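Chains as they are written, first to last, in the entry's author numbering: chain A, 489 to 537; chain B, 99 to 147; chain C, 1221 to 1269; chain D, 188 to 365, 370 to 466; chain E, 1024 to 1096; chain F, 392 to 439; chain G, 367 to 439.
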Amino acid sequence: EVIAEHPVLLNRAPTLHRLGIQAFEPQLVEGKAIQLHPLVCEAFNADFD
Amino acid sequence: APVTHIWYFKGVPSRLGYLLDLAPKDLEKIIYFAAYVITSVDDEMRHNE
Amino acid sequence: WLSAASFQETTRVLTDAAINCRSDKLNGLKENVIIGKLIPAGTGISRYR
Amino acid sequence: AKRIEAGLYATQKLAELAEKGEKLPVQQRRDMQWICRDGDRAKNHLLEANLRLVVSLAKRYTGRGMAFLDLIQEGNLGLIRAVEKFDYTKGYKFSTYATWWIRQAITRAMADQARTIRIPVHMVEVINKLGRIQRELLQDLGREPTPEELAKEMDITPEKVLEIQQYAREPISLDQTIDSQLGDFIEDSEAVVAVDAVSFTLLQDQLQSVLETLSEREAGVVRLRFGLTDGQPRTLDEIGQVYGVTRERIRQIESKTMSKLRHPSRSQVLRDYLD
Amino acid sequence: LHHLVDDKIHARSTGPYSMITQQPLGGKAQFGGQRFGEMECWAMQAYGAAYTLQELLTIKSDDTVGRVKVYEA
Amino acid sequence: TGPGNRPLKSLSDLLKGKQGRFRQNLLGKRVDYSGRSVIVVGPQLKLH
Amino acid sequence: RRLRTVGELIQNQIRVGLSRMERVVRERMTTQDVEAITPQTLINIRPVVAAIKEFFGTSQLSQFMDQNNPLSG
DNA sequence: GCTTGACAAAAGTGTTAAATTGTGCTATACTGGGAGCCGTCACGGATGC
DNA sequence: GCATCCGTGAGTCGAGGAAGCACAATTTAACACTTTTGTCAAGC
RNA sequence: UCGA
C-alpha cells in the first residue's frame, strides 16, 4: 500500500555521468536480489556478473 | 614564551620570510634557537661614541 | 575560499585566505552543498523555489 | 661549591640588612653584591659542566613512552636540585651524589606524565613490582604465573592483583587505521533514537488522557508525587501543605488512586510501554 | 562461489551514528547506511535537483534535530 | 610517532586528504533510508 | 631476485629479538652487582619472544589461512 | 473524610579512623643518541647555491 | 640568476580480518546520631 | 587481503 507510486533512486558505483542515478517505480519481488531493466544497463554500465 | 604558527613560517612561500625580508633558512635558525638576531640597535648613541 | 579549500592544497589555500582576511559570499553551489543550503541551480534557482 | 654557598650567604646577609637598614660601607656593599654575582655564575657554571651526565643517564630510559628531550630536561631538573643539595665537605665526587637525583627526577617524571591516563606514583610502584615478580616467576616456572601465584609472592589478595592489572590497561588511539580508521566504528551511545523519542511523546499523550479521567484533586496528587510537569518528585508532607492534609491522608489518596490506576480500564492500553 | 545474496543484501532506515560527526557508519556489521559520495553528488547536480540533494546531506545524515523530526513527521 | 612508529594525527590532518573533513564528511556522507544488493535481469519489467 | 621463505622470515625476527636483548644484557652486565650474577641475574627474554609474537600478528607476510575449499588453502 | 501518636525507615549529617595521594631523598664514581632508508612518476615553483 | 629540491597529487563503492620508603596532606569510607519521611493502627 |  505504501510502496505504491513511491519512487526510489538506484545507484551503480562508480557514477561517471548523471545517468548513473535513475528513478524507478518499485515492484515488490521475492528473493534477496534486485531486478533491473535490461535497457538501462548501458547507462549504469552494469554487468550481471 | 611565544611560538611561530609554522603554517606561515614553514608553508612555502614563507609568510614570515617575505614579511620581514628574512630568508627561510635564516628564519628557521632564529625561531628554533640555532642563532641570534638583532632586534634593535641604537644608531644615534653608537654614532656619538 | 572554502571551495578551493575543499578542492586541493587545503593547507596553502587556508593560510592565503586568512592572511588576506578573505570573505566568501557563498555564491557557488559547492559552498551551498557544504553548509547544507539549496544549491543555486536546477530547482534551486531564486525563481523556481 | 664554596662560591655558591658564599654568594647565597652573602645574599641573605644583605636581606637581613634590608629589613634592619644599617647601610654598610659602599666598598663592602659593592663587594657583597659581587659575591652574589659570582655565586650565581658559579651555580650556572656547575650545571653547564654536568649537563652531559644528565644526558648519559637519560639515554637508557627511552622507548618507554617519553620523548628523549623530555627525559633529558627532566634529568636537568634533577641536576639542579642535586647542585642545590650537594655537599662538598664529604670529599665525594659530584657525579656520585648527582647520579641519584638525576635518575629519581627521570623516573618520577615518567610516572607522573608518560601515561595518557595519569596514575599516581604509589600505584605505578606496585605495577612495576608486579611485573618484576611476574617475569621472575616466568623464569622459575617456565609458564606465566596465574594471579594466585602472583598474589602470593606479592603478599596481597588475588582479587586485588587483577584490579591492579586492570589499571595497567593502556588506551588505544581512535585514529589507528585497520583503510578506514577505528574511530568510524564507535557508535554514539547517548545519541537519541528516533523510535524511542517518538514513543515517549505518544506515551506522554496517552498518560494525559488516562490521568485526565480522575478526581482533579486525585490527579494533582499523582502529578506532584512523581513530579511530572515540575520534574522534581515531591514527598507526602510537601503535597500535604498544598492540599491542606496530613501526609497520612495523601498516602490514603495515593493508594486509592493507584488501585484505580492498576484496574484494567486504565492500564489495558499501557501494557506495551513496560519497555 | 562464496559471493551470496544473503550476505550482501543490506537495508537501513535509522541506526547507529558516528560520535564526532553525526553521519551514520559503514558496513553491514554496523548496520550502517550507504555512502553518497562526491561523484554521486555530481550526478545529482547534473539533473538539477536541489531538494533531493539537500535532503540527502542534511536530514538523511548530519542534521541532529532534523532526523528525529523527520521520523516524527 | 605513536606506538609502532605511527605518526600522530594533527589538526591539519583532519581537513586534508581524501579522509579529511572535506572529501570524506563534507562533499560526501553516509545517509539513512538506503540499502544495496546484487542485481538480476528484469526482462519482464517496464522501463520505469 | 630471490624468495625469502617462511623459515628465513622468522629467522630475521629472531635476530632482531636477540639484538634487542643484548642491549639489556650489555647494560646489565656492567652495573649489576659483580662476580656472582651469572645469566640468572639479568637475561630478559621478553624482547625475544615479543619479536616472535609481534611478527606472527600485524605482519603482512603472516596472514590468516584462506580456506573456502582445500584448493584455496 | 481526616488526623493522631507512636514508629521504623530513610536521609542526611557531622566527626573520626583510614585509605589514598604528593613530595622529598638516597653521598665510591659514573658526563655528547642510535636509528637507521632502496624500487614511483610527473610537476611546479620556491629556495638555495 | 639559475637549477636543484621541497611540497602536493595520483577512481568509486563495498567486504572483511591481530625502585623503595617516610612523611605530611587530602580525599574517602566509616560510624554515631538527628532530622525527615513513609507507615500501620486506632478513633474523631 | 578480495568482489564489480
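Backbone N, C-alpha and C fix where the C-beta goes; we use that ideal spot for every residue, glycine too.
Inter-residue spacing [alpha-carbon to alpha-carbon] between residue i and residue j
i, j, result
"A292/D", "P413/G", "26 angstroms"
"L438/F", "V528/A", "8 angstroms"
"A1096/E", "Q432/D", "43 angstroms"
"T420/D", "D1086/E", "29 angstroms"
"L201/D", "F131/B", "37 angstroms"
"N410/G", "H1025/E", "47 angstroms"
"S438/G", "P495/A", "43 angstroms"
"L398/D", "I430/D", "21 angstroms"
"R370/G", "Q377/G", "10 angstroms"
"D274/D", "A188/D", "8 angstroms"
"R412/F", "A1073/E", "22 angstroms"
"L361/D", "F107/B", "30 angstroms"
"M297/D", "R305/D", "10 angstroms"
"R190/D", "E147/B", "37 angstroms"
"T1230/C", "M253/D", "32 angstroms"
"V413/D", "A385/D", "29 angstroms"
First and last residue of the uninterrupted alpha helix (DSSP H) at residue i
i, result
"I491/A", "First-last for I491/A: undefined, no H or E at that position."
"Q199/D", "189-207"
"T437/D", "Taken as a continuous stretch (DSSP letters only), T437/D belongs to no alpha helix (DSSP H), as it is neither H nor E."
"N1252/C", "1249-1255"
"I128/B", "122-129"
"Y116/B", "113-118"
"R290/D", "281-300"
"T1075/E", "1073-1080"
"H309/D", "308-328"
"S456/D", "455-458"
Contact check, residue i vs residue j, beta carbons under 8 angstroms
i, j, result
"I1259/C", "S1226/C", "no"
"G194/D", "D225/D", "yes"
"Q372/D", "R397/F", "no"
"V422/F", "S1084/E", "yes"
"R1058/E", "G1071/E", "no"
"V313/D", "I259/D", "no"
"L415/D", "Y464/D", "no"
"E378/D", "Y1094/E", "no"
"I1239/C", "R113/B", "yes"
Coarse secondary structure for residue i, derived from DSSP in three states
i, result
"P424/D", "coil"
"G383/G", "helix"
"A511/A", "strand"
"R427/F", "strand"
"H145/B", "helix"
"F1059/E", "strand"
"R367/G", "coil"
"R1035/E", "strand"
"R500/A", "coil"
"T364/D", "strand"
"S138/B", "coil"
"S446/D", "helix"
"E378/D", "strand"
"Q435/F", "coil"
"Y1040/E", "strand"
"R217/D", "helix"
"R421/F", "strand"
"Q398/G", "coil"
Beta strand (DSSP E) segment containing residue i, residue limits
i, result
"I522/A", "522-524"
Worksheet item: Can you list, in chain order, the residues of the segment 409-423 of chain F whose Cβ is nearer than 8 angstroms to any Cβ on chain C?
Response: Considering only beta carbons, the part of the segment 409-423 of chain F lying closer than 8 angstroms to chain C consists of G411, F413, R414, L417, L418, in chain order.
Item to complete: Mind checking the segment 1227-1241 of chain C against chain B and listing, in chain order, the residues whose C-beta falls within less than 7 angstroms of any C-beta there?
Response: Of all residues in the segment 1227-1241 of chain C, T1231, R1232, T1235, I1239 have a Cβ within less than 7 angstroms of some Cβ in chain B.
Worksheet item: Quick one, which residues of the segment 495-509 of chain A are near chain E if we go by CB-CB under 9 angstroms, in chain order?
Response: Listed by position along the chain: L497, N499, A501, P502, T503, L504, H505, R506, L507, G508, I509.
Worksheet item: Which of the residues in the segment 296-323 of chain D, read from start to end, lie with their CB under 8 angstroms from any CB of chain G?
Response: Taking 8 angstroms as the Cβ-Cβ cut-off, the segment 296-323 of chain D approaches chain G at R322, given in chain order.
Worksheet item: Of the residues that make up the segment 238-269 of chain D, which ones have a beta carbon closer than 9 angstroms to any beta carbon in chain G?
Response: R247
Worksheet item: Going along the chain, which residues of the segment 377-408 of chain G sit with their C-beta nearer than 7 angstroms to a C-beta in chain D?
Response: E393
Worksheet item: Using Cβ-Cβ distances below 7 angstroms, what residues of the segment 392-410 of chain F are close to chain A?
Response: Listed in sequence order: no entries.
Worksheet item: Any residues in the segment 1052-1068 of chain E with a beta carbon nearer than 8 angstroms to a beta carbon of chain C? Which ones, in chain order?
Response: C1064, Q1068
Fill in: Within 8 angstroms of chain F by C-beta, residues of the segment 348-363 of chain D in sequence order
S360, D362, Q363
Worksheet item: Which residues, in order along the segment 1079-1090 of chain E, keep a beta-carbon less than 9 angstroms from a beta-carbon of chain F?
Response: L1079, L1080, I1082, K1083, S1084, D1085, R1090
Discussion item. So if I threshold CB-CB distances at 9 angstroms, which residues from the segment 105-121 of chain B count as touching chain C?
Written reply: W105, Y106, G109, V110, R113
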